[PDB]
Protein chains: 2
Amino acid sequence: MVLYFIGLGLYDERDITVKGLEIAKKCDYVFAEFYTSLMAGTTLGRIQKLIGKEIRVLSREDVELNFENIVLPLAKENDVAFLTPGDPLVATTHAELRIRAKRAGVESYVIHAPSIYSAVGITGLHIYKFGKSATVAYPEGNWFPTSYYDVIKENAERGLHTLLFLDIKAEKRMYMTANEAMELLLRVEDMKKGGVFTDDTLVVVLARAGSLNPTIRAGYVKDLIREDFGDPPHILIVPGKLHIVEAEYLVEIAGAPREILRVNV
Amino acid sequence: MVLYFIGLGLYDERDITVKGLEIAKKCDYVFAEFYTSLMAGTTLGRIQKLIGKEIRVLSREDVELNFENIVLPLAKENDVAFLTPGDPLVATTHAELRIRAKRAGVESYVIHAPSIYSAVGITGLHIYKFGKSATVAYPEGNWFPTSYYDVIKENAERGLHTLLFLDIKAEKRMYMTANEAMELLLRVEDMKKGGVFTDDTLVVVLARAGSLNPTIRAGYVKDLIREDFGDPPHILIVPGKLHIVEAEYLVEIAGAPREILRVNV
Ligand SMILES: Nc1ncnc2c1ncn2[C@@H]1O[C@H](CSCC[C@H](N)C(=O)O)[C@@H](O)[C@H]1O
């Protein structure tokens with residue numbers, strides 16, 4: 001008699017909230033997708049073990065095309081759950097699935113979970129200072145995406161930071177790295193030459209948020225473009241004008257160039 | 001030798017992640033702060049009983065002035081947990097505390113949890129479209145702060161949504177309602193006449209996020225300004241131009257008027 005959208009969190013199976021676990025343990029059927037993001041700290045088995053239910057995984061197509069044929073039909077006579085990495089409604093199009101649920105006469109509920117969108121708080125950058133966000137997508141064929149480049153520009157002009165979700169092709173097991181994302185951004189700089197992303201632009205990389213030992217680094221592109229930030233997933237951030245306290249955290253915690261301390265007011 | 005920054009999540013004692021609960025249980029000492037925000041759906045006692053540990057509450061002064069004298073000493077020789085509502089380090093002042101830990105030769109780890117900053121995804125508004133964030137503060141005495149008005153203006157100007165955290169007098173335990181916030185914004189409009197917030201402005205109200213039954217309502221100020229959204233906490237959102245999918249969700253799930261489909265898209 002219900003459908004639950006339950007978030008699994010940032011890194012491993014324990015990133016689920018107690019609410020989400022207690023509820024998932026009591027559902028009759030459990031579905032999940034693992035294409036919107038990457039949980040590099042667990043495995044399907046451990047999750048199934050933690051929840052104590054068989055977890056039927058779905059592909060982007062099963063979801064996007066047959067959600068109402070695969071999941072909804074059961075939600076009518078049973079308690080069904082749909083799991084996702086991080087928060088189920090952040091940087092996905094899952095929200096519209098609630099509309100399908102409604103249109104099918106199924107009540108739906110949402111259980112949140114830690115999201116990279118808020119997790120960036122660990123970088124020491126003020127969350128309220130983040131502007132519009134964007135995704136650095138893989139180029140395909142002769143199509144060259146540049147929108148994400150303009151987002152950075154627009155925010156930087158207001159002194160705001162930019163959060164850059166990195167692309168992903170789960171079926172191919174391809175998880176864009178920050179290094180890759182930086183390369184792509186430099187290329188776009190050649191094209192537009194708007195002085196947005198150069199070798200002297202300060203950036204911050206967060207890898208494996210949620211793990212006890214995430215990788216947090218801040219520095220100039222020229223020096224990080226070649227750095228190894230560990231296994232994915234990675235997120236890239238282009239800070240705006242920094243508050244002194246932010247710079248302090250970047251230098252003290254993310255080992256950034258001690259020079260960023262002398263901010264330009 | 002270890003300090004754990006553990007987030008308590010959105011609303012009640014079950015909004016902590018399994019990771020945060022287990023880690024908290026294995027800690028020798030447990031501290032908590034409830035001045036950046038509160039956990040409206042639970043009590044200190046319900047949290048203590050869930051953690052199975054005595055929890056010492058610290059004031060703003062305790063943390064901001066004597067964190068190194070109250071919390072860190074015990075960390076140098078034990079496993080200490082510092083709990084906070086939401087997701088740690090989303091609150092501006094938190095990050096600075098990791099530096100203090102370092103200064104004392106103490107290791108600190110962060111255990112994330114759902115933040116309202118990311119939970120707003122349940123409103124159907126695309127997360128990437130959220131711009132700079134602001135807080136609607138209660139005017140007091142000869143001080144009438146209004147920057148939050150300019151934040152809406154700059155965001156909406158760029159087609160971006162604006163998340164407004166509503167003021168909370170933690171000690172006094174008073175919550176600013178969305179209605180109160182709307183009234184304030186209508187007054188700030190009469191003073192700046194910038195056409196940023198009026199009776200015809202479309203807004204979204206999210207109450208008790210995290211709860212299984214939050215209140216998600218969308219509509220024009222003139223219709224919502226005196227509507228009862230239930231118990232706190234309330235979050236107010238002034239969306240920018242809407243993508244049709246966002247609008248369809250607001251109408252179908254948040255009871256928004258069909259009118260927004262042609263006026264705000
Ligand atoms: N633990 C983590 N560390 C760093 N980046 C992460 C991450 N989890 C997700 N991301 C980033 O976000 C992208 C997925 S976008 C979907 C986000 C998800 N709903 C959430 O709430 O987090 C990834 O490609 C990656 O760039």
# chains A, B, ... in the order shown; residues from 1 in each chain; ligands from 1
>>> closest_atom_pairs(of="stretch 50-112 of chain B", to="stretch 17-29 of chain A", cutoff="12 Å", atoms="only C-alpha atoms", output="tab-separated table")
residue	atom	partner	partner_atom	distance
B:50	CA	A:18	CA	10.4
B:51	CA	A:18	CA	11.7
B:86	CA	A:17	CA	11.8
B:111	CA	A:17	CA	11.6
B:112	CA	A:17	CA	10.2
>>> write_last_selection(atoms="N, CA and C atoms", output="PDB file, in the first residue's frame")
ATOM      1  N   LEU B  50      18.593   6.411  22.312  1.00  0.00           N
ATOM      2  CA  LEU B  50      18.920   5.736  21.066  1.00  0.00           C
ATOM      3  C   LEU B  50      20.424   5.482  20.981  1.00  0.00           C
ATOM      4  N   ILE B  51      21.210   6.442  21.457  1.00  0.00           N
ATOM      5  CA  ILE B  51      22.664   6.328  21.431  1.00  0.00           C
ATOM      6  C   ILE B  51      23.173   5.470  22.577  1.00  0.00           C
ATOM      7  N   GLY B  86      21.217  18.244  11.399  1.00  0.00           N
ATOM      8  CA  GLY B  86      21.569  18.269   9.990  1.00  0.00           C
ATOM      9  C   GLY B  86      22.856  17.543   9.613  1.00  0.00           C
ATOM     10  N   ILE B 111      31.053  12.578   9.904  1.00  0.00           N
ATOM     11  CA  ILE B 111      30.028  11.627   9.503  1.00  0.00           C
ATOM     12  C   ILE B 111      28.817  12.461   9.080  1.00  0.00           C
ATOM     13  N   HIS B 112      28.588  12.494   7.774  1.00  0.00           N
ATOM     14  CA  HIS B 112      27.499  13.260   7.189  1.00  0.00           C
ATOM     15  C   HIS B 112      26.101  12.724   7.487  1.00  0.00           C
TER      16      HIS B 112
END
>>> interface_residues(of="chain B", to="chain A", cutoff="7 Å", atoms="only C-alpha atoms", output="JSON, numbers by chain")
{"B": [14, 15, 16, 17, 18, 19, 89, 90, 92, 95, 96, 99, 109, 110, 111, 112, 113, 114, 115, 117, 118, 119, 121, 122, 124, 127, 128, 129, 130, 131, 132, 133, 134, 210, 212, 249, 252]}
>>> residues_around(residues="stretch 32-46 of chain A", least_positions_apart="4", cutoff="7 Å", atoms="only C-alpha atoms", output="list in words")
residues 10, 11, 12, 13, 50, 55, 56, 57, 58, 59, 60, 82, 83, 84, 85, 92, 170, 232 and 233 of chain A
>>> closest_residue(among="A:152, A:205, A:106, A:72", to="ligand 1", atoms="only C-alpha atoms and all ligand atoms")
A:205
>>> atom_distance(atom1="atom CA of residue B:145", atom2="atom CA of residue B:175")
17.8 Å
>>> atom_distance(atom1="atom 25 (C, counted along the ligand's line) of ligand 1", atom2="atom CA of residue A:234")
5.2 Å
>>> atom_distance(atom1="atom CA of residue B:31", atom2="atom CA of residue B:66")
13.1 Å
>>> select_by_dssp(residues="stretch 3-252 of chain A", states="strand (DSSP E)", output="count of residues only")
58
